[PDB]
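Structure at a glance
Single-letter residue listing:
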Amino acid sequence: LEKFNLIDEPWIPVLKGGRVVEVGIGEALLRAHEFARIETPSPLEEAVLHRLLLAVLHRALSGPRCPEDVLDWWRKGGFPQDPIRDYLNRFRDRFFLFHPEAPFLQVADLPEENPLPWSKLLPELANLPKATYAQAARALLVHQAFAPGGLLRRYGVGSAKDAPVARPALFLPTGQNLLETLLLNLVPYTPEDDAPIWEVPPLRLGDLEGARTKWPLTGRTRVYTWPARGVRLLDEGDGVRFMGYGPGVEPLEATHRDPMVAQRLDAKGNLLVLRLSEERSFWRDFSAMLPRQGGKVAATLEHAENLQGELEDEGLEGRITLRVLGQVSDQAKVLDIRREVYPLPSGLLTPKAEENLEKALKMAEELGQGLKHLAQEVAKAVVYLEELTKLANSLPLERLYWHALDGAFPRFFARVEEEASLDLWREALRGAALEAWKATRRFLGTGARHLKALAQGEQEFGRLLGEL
């Protein structure tokens, strides 16, 4: 009845001594330094597991109030243990996956009748097995953070809203062990006016039907642990197949921006979240998220960058990277789920580095626009408005330019501080363009009808390279 406490049971997959083991929240926190990282094939799982741990840390430590505190914990090789133990002991009865009164992130009195398969908790890209408790716990957490809005038609609610991070790309700086990673994401915090889901009374069906409960979407840990859907996992005895399901605390608009989320301006000066895109390389938005461009850097990245500087002034230099986690989405559809890894350059947020990044990205965009135009002129020379489309799209020119730069970007990015770095980039731009046009020649060189386009294109491509 009372079963499977997330503080003590193995459900969090972490890499330890080269193998994947599963731990509970207590061990993950108190012994963070022992694990290389949270290790899962799912980038959504990785994102939410860190956000849950961070929620717990922020509340248990009532901070960190200052970056200096994070540095201390870095130096000591661990978090304060007693505050964490005390907090976990106080809220332990709220961390049972199954519970007659307060099951974790669930609604105790959702009816068991006419349930949905637990598979609904999982992303559907573009019979039914029994989940273990650990897998149901993880699927629950993912669903509460990433469920896209859409049709619901249950308990008086026609359609549900987006869970809090359904859309944006999440910035997760990463260190050499789980302790470092948590520290790199522990942005200075004060507890006032915030509370995670387990610090407030359990939700009941009567509060959720017709969407009666509406909360402003604010408060760091309230947002990290947002109850986006009503869920009640049903215990088969040693696993889960089905769940009660309904709304949904309604998100009300607020000024709060999630620490892992970055923003940019659109052409009209509206602020939009950075978002993973189906075909557009993500790093292409890295200069637009900068304030100098009207954008906003993710707080985790601002904090990690600052921490990285302070560790440098102490000779405590460590190996720090940037993971980007999120969904590629389209309304109620989840097209894809992605994990991206980038270096996290030491001086990234200085004026010179920012200046270099701005230029590097601008060159790459101008050339890519020249290439796109070239591809359009080739297609037209060859050839109904449907015919052109397939043709230009089928040409390997733009795809290969950008694909080549995806490989070149990390090398440049790691050196964004150095003046020399633009030159490396220009070299990479040249090779990317040359490599991509070579491949288009190869394509154009096989048909007699392709030859006019080819002669014209080679000349235009010559123009483009010159200006570089």
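Residues numbered from 1 in each chain as written, not as in the entry; some residues may be left out. Heavy atoms only, no water.

The record lists X-ray crystallography as the method behind this PDB entry and 2.300 Å as its resolution.

Heads up, the condition is: UniProt positions are given in the numbering used here, feature names are shortened, and annotations may be inferred rather than shown by experiment.
The name given to the chain in the PDB entry is CSE1, with the source organism recorded as Thermus thermophilus. The header of this PDB entry states its title as "Structure of Thermus thermophilus CasA (Cse1)". Under Subunit, UniProt gives the following word-for-word description of the chain: "Monomer. Part of the Cascade ribonucleoprotein complex. Interacts directly with the 5' end of crRNA, CasB, CasD and CasE. Binding of target ssRNA or dsDNA causes a conformational change in the Cascade complex; CasA is required for high affinity target DNA binding. Interacts with Cas3 once Cascade has recognized target DNA (By similarity)."

1. Quick look at the pattern of salt bridges
Keep this limit in mind: Each salt bridge in this description consists of a side-chain nitrogen of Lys or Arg and a carboxyl oxygen of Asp or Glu lying within 4 Å of one another. Type-normalised accessible area, obtained with a 1.4 Å probe on protein chains alone, sets the label of each residue: buried when under 20%, exposed when over 50%, and partly exposed for intermediate values.
Within the structure shown, the criterion is met by 31 salt bridges. Put simply, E45 and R138 hold a salt bridge, and the shortest N to O gap is 3.4 Å. Judged on exposure class, the residue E45 and its partner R138 are both buried. Among the ionic contacts, a cluster of salt bridges with common partners joins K16, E27, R31 and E34.

2. Points about the domain arrangement of the chain
Quick note on the threshold: What marks off one domain from the next here is an automatic or database domain assignment. Whether two residues touch is decided by their heavy atoms; if any such pair falls within 4.5 Å, the residues are in contact. Here's the idea: put two parts together, see how much 1.4 Å probe accessible area each one loses, and the total over both is what we call buried area. Pairs of N or O atoms are called polar contacts if they sit within 3.5 Å, as long as, within protein, a hydrogen donor faces a hydrogen acceptor (for residues adjacent in sequence, only side-chain-to-side-chain pairs). For the purposes of this entry, the term helix denotes a DSSP run of H or I that reaches at least four residues, the term strand denotes a run of E that reaches at least two, and both are numbered from the N terminus. For this classification, the nonpolar set comprises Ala, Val, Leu, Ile, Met, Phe, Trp, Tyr, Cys and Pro, the charged set comprises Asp, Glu, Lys and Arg, and every other residue, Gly included, is treated as polar.
With domains assigned, the chain is organised as domain 1 (1–346) and domain 2 (347–468). The gap between the C-alpha centroids of domain 1 and domain 2 is 38 Å. Tallying the contact residues gives 17 residues for domain 1 and 20 residues for domain 2. Interface area for domain 1 against domain 2, summed over the two sides, is near 1,800 Å², with a carbon-plus-sulfur share of 67%. At the boundary of domain 1 with domain 2, the tally comes to two salt bridges. Notably, a salt bridge pairs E365 with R284, separated by 3.0 Å at the nearest N-O pair. There are 10 residue pairs in polar contact connecting domain 1 and domain 2. Secondary structure elements with two or more residues in the side of domain 1 that touches domain 2: α9 (299–312) and β17 (333–343). Residue contributions to the side of domain 1 that touches domain 2 peak at three residues, all from α9. Taken together, the residues of the side of domain 1 that touches domain 2 sort by class into eight nonpolar, four polar and five charged.

3. Regarding the sheet that holds β17
What counts here: Paired strands, as defined in this entry, are two strands with at least two bridges between them according to DSSP. Lines are fitted to the C-alpha atoms to define the axes, a helix being fitted only along its stretch in contact, and any angle between axes, read from their N-to-C directions, falls within 0 to 180 degrees.
Pairing within the open sheet is antiparallel, and its three strands lie in the order β9-β16-β17. At either margin of the open sheet sits one strand with a lone partner, and together these are β9 (170–174) and β17. Adjacent strand axes in the sheet meet at a mean angle of 20 degrees, parallel and antiparallel pairs treated alike. Pairing analysis gives 10 bridges linking strand β16 (residues 321–330) to β17, with the strands arranged antiparallel. Bridge pairing links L325 to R339 in β17. Packed onto the sheet, helix α2 (residues 43–61) meets β9, β16 and β17 and runs at close to 120 degrees relative to β16.

4. Digging into helix α6 (residues 178–185)
A turn of α-helix holds 3.6 residues, and therefore any two residues three or four places apart point the same way. Taken across its eight residues, α6 has eight buried, putting it largely inside the fold. Among the residues of α6, the N-terminal cap falls to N177, whose side-chain oxygen and the backbone nitrogen of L179 are separated by 3.1 Å.

5. What about the nonpolar core?
Here is the rule: As used in this record, nonpolar core signifies buried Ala, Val, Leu, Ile, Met, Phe, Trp, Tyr and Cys residues forming a set joined through side-chain atoms within 4.5 Å.
The biggest cluster of nonpolar side chains holds 155 residues, and the ones touching the most others in it are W11, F79, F171, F286, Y401 and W425. Residue contributions to this core peak at 13 residues, all from helix α10 (residues 351–382). For this core, the domains that each give at least three residues are domain 1 (1–346) and domain 2 (347–468). What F79 contacts, discounting residues up to four positions off in sequence, is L29, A32, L57, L61, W73, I84, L179, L182, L183 and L186.

6. What about the packing of α6 against α9?
Here is the rule: When an angle is under 35 degrees it counts as roughly parallel; over 145 it counts as roughly antiparallel; between 65 and 115 it counts as roughly perpendicular; any other value is oblique.
Closest axis-to-axis distance for the α6/α9 pair is 7 Å, and the angle between their directions is 115 degrees. By the angle class used here, α6 and α9 are roughly perpendicular. Packed against α6, whose contacting residues are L183, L184 and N185, the element α9 presents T300, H303, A304 and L307 at the interface. Its residues placed into classes, the contact of α6 with α9 shows four nonpolar, three polar and no charged.

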